[PDB]
Amino acid sequence: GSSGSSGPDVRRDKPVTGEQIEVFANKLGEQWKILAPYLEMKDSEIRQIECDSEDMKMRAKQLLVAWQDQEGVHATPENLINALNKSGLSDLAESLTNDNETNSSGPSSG
């Protein structure tokens, strides 16, 4: 194939969108219940989402959505990541943030 991957270089600048949400959800998984108490949601909601959808992915999405429709344009990934951290979801944070594994570029040192 090939390794190109087009697109601009922007991060933690705009509020997550359906494009990211869906993605996030998958990442979230069952952690939607760990980010719920960290997203400043309502207990009822948690109980709702759970009912709304049985699957985890869905439940996660539903949350992200509500969390997205909650904060509004303030629904950024960096803000979510921050929570993930304290939420002890370093995985997600690291995932979203996605800095690198071993080598990325490192433009000289100094």
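Would you report the distance distribution of C-alpha pairs in the chain as whole percents per 10 angstrom bin, up to the bin with the largest distance?
Each 10 Å bin holds this share of Cα pairs: 14, 43, 27, 12, 3, 0.
Within segment 33-110, which trypsin sites (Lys or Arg not before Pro) sit in a loop by DSSP and count at most 12 neighbouring Cβ atoms inside 10 Å?
Working: sites: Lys33, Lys42, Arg47, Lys57, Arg59, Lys61, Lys86; in loops: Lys42.
When the trypsin sites (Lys or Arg not before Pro) of segment 33-110 are filtered for loop state and at most 12 Cβ neighbours within 10 Å, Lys42 remain.
Output the 0 to 90 degree angle, nearest 10, between the alpha-carbon long axis of helix 43-52 and the longest principal axis computed from the alpha carbons of the chain.
The angle comes out near 90 degrees.
Using only alpha carbon pairs under 8 Å that are at least six residues apart, calculate the relative contact order of the chain and give it in whole percent.
Numbers: 90 pairs, mean separation 35.2, N = 110.
Result for the chain is 32 percent.
I'd like the orientation of helix 77-86 relative to the chain: the angle between its Cα long axis and the longest Cα principal axis, in ° from 0 to 90, rounded to 10.
Helix 77-86 sits roughly 70 degrees off the main axis of the chain.
Starting from the 7 Å offset along Cα-to-Cβ, what nm value, one decimal, do you get for the label separation of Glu78 and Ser109?
Here the answer is 2.7 nm between the modelled labels.
Under a cut-off of 14 Å between alpha-carbon atoms, report the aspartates and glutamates in cross-link reach of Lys42, not counting same-chain residues fewer than 8 places apart.
Filter leaves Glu50, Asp69, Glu71.
For helix 56-71, report the angle its Cα long axis makes with the longest principal axis of the Cα atoms of the chain; keep it between 0 and 90° and round to the nearest 10°.
Helix 56-71 sits roughly 90 degrees off the main axis of the chain.
Using the crude model of +1 on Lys and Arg Cβ and -1 on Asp and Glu Cβ, and no other charge, please compute the dipole size for the chain relative to its Cα centre, in debye to 20.
On the way: 11 positive and 19 negative charges, 18 e Å.
Here the size comes out at about 80 debye.
May I ask for the net charge around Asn100, where only other residues with Cβ less than 15 Å from the Cβ of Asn100 are counted and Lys, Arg are +1 while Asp, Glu are -1? Don't jump to the answer; show the numbers that get you there.
Working: positive: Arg11; negative: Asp9, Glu94, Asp99, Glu101.
Net of charged neighbours comes to -3.
If you average the C-alpha positions of segment 72-110 and of segment 31-54 separately, how far apart do those two centres end up, in angstrom?
Between the Cα centres of segment 72-110 and segment 31-54 lies a distance of 23 Å.
Taken together, the values in this text are just the output of simple stated rules run on the coordinates, not laboratory data. Don't worry about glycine lacking a Cβ; one is built from the backbone with ideal geometry, like all the others, and counts go over all protein chains shown.
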